[PDB]
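Enquirer: If you scroll down you'll find the structure; I have some questions about it.
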RNA sequence: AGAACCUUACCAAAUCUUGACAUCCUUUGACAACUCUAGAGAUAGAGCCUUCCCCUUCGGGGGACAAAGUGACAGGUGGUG
RNA sequence: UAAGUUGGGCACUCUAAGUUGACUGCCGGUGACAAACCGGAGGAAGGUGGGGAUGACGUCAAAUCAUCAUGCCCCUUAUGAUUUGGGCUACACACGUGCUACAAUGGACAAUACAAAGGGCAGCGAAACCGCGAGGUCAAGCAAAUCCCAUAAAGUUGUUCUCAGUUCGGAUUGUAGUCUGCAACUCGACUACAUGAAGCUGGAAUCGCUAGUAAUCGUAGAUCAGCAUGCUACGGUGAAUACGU
């Protein structure tokens, strides 16, 4: 297509892969097992808005690291909920796991977090325009070299598929030394689907 | 890109253009007894004038450097003469067909030489 | 002609003469030159007493005078006599293995 | 092409064997797409299901150039004006 | 005696050209050139090194070459010969720069792009 | 439709070769890769996602 | 603009043989084309025994055109390189169109006849001359 | 980027209707391998065996289900770029 | 030593990761002195060396609800669905693509050479035996610079066909076999034999190619239990043409 998710080209040059394990011809089993944990992630997504997870496969152990929106209750008061998450994952993937929760970068300047935020804000019957203004305001307040959020679909309870963009600063896409964070989200209340792609440009 | 109307405009513009260039362009010291032929686009905004001069490769250049200045007078009088609505811009170019056609006659010698 | 079959080109090589009509054919050239020795000595008909000594015996088993004709005739007789599950597709130009005919030009068909 | 000798379905053969022990039967409902011509089907009749309705066709004595898998094209009129 | 070395890499063909004293000749893989390289009467180009470089004193050649086509292998000998002449003494380096055949040609077969076919022809246009 | 194909390819088969390697996350019948058991578009989607550690395009 | 010309030739005497081996190289095969042009070389040196250089030079000096055309038609002066290339192309076209028996009898007959300044080569030459001289009405 | 069956969305036939599949409640539970029979096959009847395997402080959970009832339902390659 | 199989080194090539390098970076001239332009030297790379991904704003109510999701309408004892046959591929046909020939630069026969890339654990089948061939059978090595798939074809070395519907040509069907599939008929491929139509470069129109290029001739991979005239990737021979808008 005209525009392709840039993090597809970015990976393998400056940034690591979403999922990582040892190389062998039995990649089908590893990928079909990883898909189960990826689909299971939604349970923690719906309450902690975890951006993404890097999963590692040791000699016989599995290491993951979630980027939660807040670590306080994902780690629990004193570890009241991590053990049951580990047990559920062990049951589902038919293999144990080594959960290492790390809080996402303190500033809410990342991509998937704000993407889910604005998706839920739209689903809660709030003006996408005002939400975008707040998002870009706090984005430039926090300090970012470039940030744009696109939306598409039937906005504002309409029947017309229109698209909007609200960017700021220098945002080099064709440039490769950009170190960006492409995200996506889906939102609706009663009307179809409304996709949003948030782009973050932090440092070169 | 050509219509009969453009042809009539070219003929009637040639007749007046030859007249003005040889009877009213005094100030350029290099006046030259010239022959002319003119073509235009279908919309009469562009016109090409083709002409011949007598002299060397510095006298044709002097005459051209004089025609370049005189273009204003030519356009003014030409618009003051003809009914045409939009004055076409005018550029003057040598009719290379004169020398090319002469060179075209040259190889005739070669055909007659080998057969004789 | 003289050697066998119906007619044989004169002053020609044997390899094309044996394949000018219904006969041994030229795809069996390697087999016939391995078994027999009568071949294209030169482009003209050099049939001598030494020639045709054993090539007729080597090709004898391939009785081709009307054998293919009778075989095909009985095959088409069975085709149009018995149920024509293949005969129905034999009018449209389809083989036993099928053709998926789309460019039905006027060669096999009316 | 050909493997395991002649190809059968091993259940139509049961029906034909059961109906051939007594006087031969001229009505046999079947599918007949995984069976081949072989001498045990002489004197019988089969209704091969071409796709709309199985139509009986009697077995003749010259089954060398015909197969019982198909008697008429499943493409009725063979998809053509003529 | 002393033996120089040169190499030629072009058209995915690498010739490990080794130069030895002698009458001036080659042994491609310990074999003669006339029958190894099919229809290769083009040895005029291969001996152009002797006719234009280092006066006309022919120098024996031993070449172990693998990869690429026979013509590419033949042109790969020229690069090795030229390199050996260079490393013999730098006096003719400039002349070889001015006599051609010294700048290695990086022109090899390029990639295949979608849109071509068995004949490397771009797709046609919607006519009629 | 395909809602019964997702189970038919998973249900019993009459003989040895009766199935096709369909996609797991997707239900796309055609254009599947037997190495990953995923369709043409699913492979592209996850490769753009960087899930597979394989290298990126434009390496030749 | 660049031509990527090739200097050397198995027969060093004439560099037009480079163009010969290039144009007769149809269907991506060089060996048999070079073989048949060597056969033409030998036969033209044999039939009416003379060095093929003189007969080839006569063919490439008598069949050279001076009148060509570049909905108007105009005679144009020809560059020598284009003139030689068109002459060699016409030679190979005559070789194709003659369709004689042997590999090179047609080729040798063509070169010899062109050296004689007769035959279909000069017929095409006078066709170019008279067709272009018919177009002189647009020169003025 | 694989049309003999499966493949395929259609027709015909054998056919069920919480349905082919899947989840939620319960009677509960390691999911039945193989044969004979009616049946074009499905499917069905059985012989046969699936058969707490993990924690079990004796349950229970889960964990699969053998069949069953239940309201949702599931489902649409039905439609709408 | 048949052969890099062996002892010896990484010398060369090649082999993967750091580093210089082509960046206008220098000179002469042109250019308003500047930018820039032309030529040159050095220089593999001279005016971004070549090739590939990265396709602005947007246009097409362009395509996809049939990857997936997806709001709404409908059937929901049928508009859902278990199993068997076909069917998307039929032909008075036309269409566009692709493959094969119209040829003696050729066909046919015999000895003979040059390539990289990719895949391989139950798969890749070393050698070999048998068979008319397809292929049947046994069998070596290898989780891979070891071993295999696998030979490169044209081409070099000699011969024949001698201008014909041709020793061009394989469309057409028939006979008997081979791999896989329980099954090769609508419905795989291949083989041995026979049969031998048109087509002798194609009218107006018409497409493709700017240098390792076209054109040509081969090779490998996926698609697969088996089935590629389609696709991708690799390799070999290898030209002129652009004066000029």
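Residue numbers (the working numbering), protein chains in the order written: chain A, 413 to 616; chain B, 230 to 345; chain C, 61 to 170; chain D, 12 to 93; chain E, 755 to 882; chain F, 300 to 359; chain G, 189 to 328.
Each residue gets a CB set at the ideal place from its N, CA and C atoms; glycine is no exception.
1) Does the region 790 to 803 of chain E come close enough to the region 827 to 838 of chain E to have 3 or more Cβ pairs within less than 8 Å?
2) Kindly give me the distance between the Cβ atoms of residue 145 (chain G) and residue 257 (chain G), rounded to whole angstroms, as I take these residues to be in contact under 8 Å.
3) With contact counted as at least three CB pairs below 8 Å, one residue from each stretch, are the region 544 to 555 of chain A and the region 515 to 530 of chain A in contact?
4) In three-state terms, what does DSSP make of residue 287 (chain B)?
5) For residue 214 (chain G), decide whether its Cβ has a neighbour in chain B, counting only Cβ atoms nearer than 9 Å.
6) Can you give the Cα-Cα distance for residue 164 (chain C) and residue 290 (chain G), rounded to whole angstroms?
7) Among A:461, A:581 and A:598, which has the Cα closest to the Cα of residue 516 (chain A)?
8) With C-beta atoms as the reference, is residue 726 (chain E) less than 9 Å away from residue 196 (chain G)?
9) Alpha carbon to alpha carbon, how far is residue 74 (chain C) from residue 99 (chain C)?
10) Output, in sequence order along the chain, the residues in the region 253 to 271 of chain G whose CB is closer than 9 Å to any CB in chain B.
11) Could you list the residues in the region 796 to 808 of chain E with a C-beta less than 8 Å from some C-beta on chain G, going in chain order?
12) Quick check: the region 239 to 253 of chain B against the region 563 to 583 of chain A, are there 3 or more CB pairs under 8 Å?
13) Distance cutoff 9 Å, beta carbons only. Does residue 274 (chain B) sit that close to anything in chain G?
14) Contact criterion: CB-CB distance below 9 Å. Does residue 327 (chain G) meet it with respect to chain B?
15) By alpha-carbon positions, which one of A:549, A:463, A:421 and A:609 ends up nearest to residue 562 (chain A)?
16) Can you give, in chain order, each stretch of the beta strand (DSSP E) that sits fully within the region 546 to 604 of chain A and has at least 3 residues?
17) With DSSP run on the structure shown, which of helix, strand or coil describes residue 276 (chain B)?
18) Run through the region 439 to 517 of chain A for me and flag every whole beta strand (DSSP E) of 3 or more residues, listed as ranges in chain order.
19) Could you pull out every residue in the same chain whose Cβ sits closer than 8 Å to the Cβ of residue 83 (chain C), ignoring the five residues on either side in sequence?
20) Name, going along the chain, the residues of the region 327 to 343 of chain B whose beta-carbon falls closer than 7 Å to a beta-carbon of chain G.
21) Looking at chain G, is there any beta carbon in it that lies within less than 9 Å of the beta carbon of residue 868 (chain E)?
22) Who does residue 817 (chain E) pair with in a DSSP beta bridge?
23) Is there a Cβ from chain A that is less than 9 Å from the Cβ of residue 305 (chain F)?
24) Run the CB neighbour count on residue 210 (chain G), radius 10 Å, all protein chains shown included, and call it buried at 16 or more, exposed below.
25) Expressed to the nearest angstrom, what Euclidean distance is found between the alpha-carbon atoms of residue 606 (chain A) and residue 451 (chain A)?
26) Could you spell out the range, first to last residue, of the alpha helix (DSSP H) harbouring residue 612 (chain A)?
27) Taking all protein chains shown into account, decide if residue 18 (chain D) is buried (16 or more other Cβ within 10 angstroms of its Cβ) or exposed.
28) Answer yes or no: do residue 249 (chain B) and residue 281 (chain B) have a C-beta to C-beta separation smaller than 9 Å?
29) Beta-carbon within less than 6 Å of residue 512 (chain A)'s beta-carbon, same chain only, minus the 5 sequence neighbours each way: which residues are those?
30) Assess contact between the region 323 to 340 of chain F and the region 414 to 433 of chain A, defined as three or more Cβ pairs (one per stretch) separated by less than 8 Å. Is contact present?
31) Quick one: does residue 143 (chain C) have its CB under 9 Å from some CB of chain D?
32) Output, in sequence order along the chain, the residues in the region 766 to 797 of chain E whose CB is closer than 8 Å to any CB in chain G.
33) On a Cα-Cα basis, can you pick out the residue from E:789, E:797 and E:768 that is closest to residue 862 (chain E)?
34) Got a sec? Which residues, its chain only, sit under 7 Å from residue 483 (chain A) by beta carbon, not counting five neighbours each side?
35) Between residue 261 (chain G) and the rest of its own chain, which residues show a CB-CB distance below 7 Å, the 5 nearest in sequence each way excluded?
36) At 3 residues or longer, what runs of the beta strand (DSSP E) sit wholly inside the region 113 to 143 of chain C?
Expert: On the basis of the supplied data:
1) yes
2) This structure gives no information on residue 145 (chain G), because the portion of chain G shown stretches from 189 to 328.
3) yes
4) Position 58 of the second chain, counting from 1, holds the residue named residue 287 (chain B). Coil at residue 287 (chain B), not helix or strand.
5) Taking the first residue of the seventh chain as 1, we reach residue 214 (chain G) at position 26. For residue 214 (chain G), the answer is no, since every Cβ of chain B falls outside 9 Å of its Cβ.
6) Start at 1 with the first residue of the third chain, and residue 164 (chain C) comes out as number 104. Start at 1 with the first residue of the seventh chain, and residue 290 (chain G) comes out as number 102. Residue 290 (chain G) has its alpha-carbon roughly 41 Å from the corresponding atom of residue 164 (chain C).
7) Within the first chain, numbered from 1, the residue matching residue 516 (chain A) stands at position 104. Just measuring C-alpha positions, the residue of A:461, A:581 and A:598 sitting nearest residue 516 (chain A) is A:461.
8) One cannot answer for residue 726 (chain E) here, as it falls past the ends of chain E, which runs 755 to 882.
9) Within the third chain, the letter at position 14 stands for residue 74 (chain C). Within the third chain, the letter at position 39 stands for residue 99 (chain C). Near 6 Å, if we compare the C-alpha coordinates of residue 99 (chain C) and residue 74 (chain C).
10) Here the close residues are 254, 255, 262, 263 and 265.
11) 796, 798, 799 and 802
12) no
13) Here residue 274 (chain B) refers to the residue found at position 45 when the second chain is read from its first residue. Chain G, which has no Cβ nearer than 9 Å to the Cβ of residue 274 (chain B), makes this no.
14) For the purposes of this step, residue 327 (chain G) is taken as residue 139 along the seventh chain, with counting starting at 1. Closer than 9 Å to the CB of residue 327 (chain G) there is at least one CB belonging to chain B.
15) Within the first chain, numbered from 1, the residue matching residue 562 (chain A) stands at position 150. Ranking A:549, A:463, A:421 and A:609 by Cα distance to residue 562 (chain A) puts A:609 first.
16) Runs found: 558 to 565, 574 to 578, 592 to 594 and 597 to 599.
17) Locating residue 276 (chain B) in the second chain gives position 47, counting from the first residue. Three-state result, residue 276 (chain B): strand.
18) Taken in chain order, the whole beta strand (DSSP E) runs of length 3 or more contained in the region 439 to 517 of chain A are 465 to 469 and 474 to 480.
19) Against the third chain, residue 83 (chain C) aligns to sequence position 23. Taken in chain order, the residues that qualify are 64, 65, 119, 122 and 124.
20) 329, 330, 333, 336, 339 and 340
21) Stepping through the fifth chain from its first residue, residue 868 (chain E) is reached at position 114. Chain G contact via Cβ: absent.
22) As a working note, residue 817 (chain E) is residue 63 in the fifth chain. For residue 817 (chain E), which the question treats as bridged, DSSP gives the partners E:771 and E:782.
23) Translated into positions along the sixth chain, residue 305 (chain F) becomes position 6. Residue 305 (chain F) does not count as touching chain A.
24) Within the seventh chain, numbered from 1, the residue matching residue 210 (chain G) stands at position 22. So residue 210 (chain G) counts as exposed.
25) Indexing the first chain from 1 puts residue 606 (chain A) at position 194. Indexing the first chain from 1 puts residue 451 (chain A) at position 39. Their backbone Cα atoms lie some 21 Å apart in a straight line.
26) Taking the first chain and counting its residues from 1, the one referred to as residue 612 (chain A) is at position 200. No alpha helix (DSSP H) contains residue 612 (chain A), which is instead part of the beta strand (DSSP E) from 606 to 613.
27) Here residue 18 (chain D) corresponds to residue number 7 of the fourth chain, with the count starting at 1. Label assigned to residue 18 (chain D): exposed.
28) If you number the second chain from 1, residue 249 (chain B) lands on position 20. If you number the second chain from 1, residue 281 (chain B) lands on position 52. The answer is no: Cβ separation not under 9 Å.
29) Counting from 1 along the first chain, the entry for residue 512 (chain A) is found at position 100. Only 477 meet the Cβ criterion.
30) no
31) Locating residue 143 (chain C) in the third chain gives position 83, counting from the first residue. Judged by the 9 Å Cβ criterion, residue 143 (chain C) is in contact with chain D.
32) 792, 793, 795 and 796
33) As a first step, residue 862 (chain E) is located in the fifth chain; it is residue number 108 there, counting from the start. Answer by Cα proximity: E:768.
34) Locating residue 483 (chain A) in the first chain gives position 71, where the first residue counts as 1. Closer than 7 Å at Cβ, skipping near neighbours: 513 and 515.
35) Within the seventh chain, residue 261 (chain G) is the residue found at index 73, counting from 1. Counting only Cβ-Cβ distances below 7 Å, and skipping sequence neighbours, we find 323 and 326.
36) none
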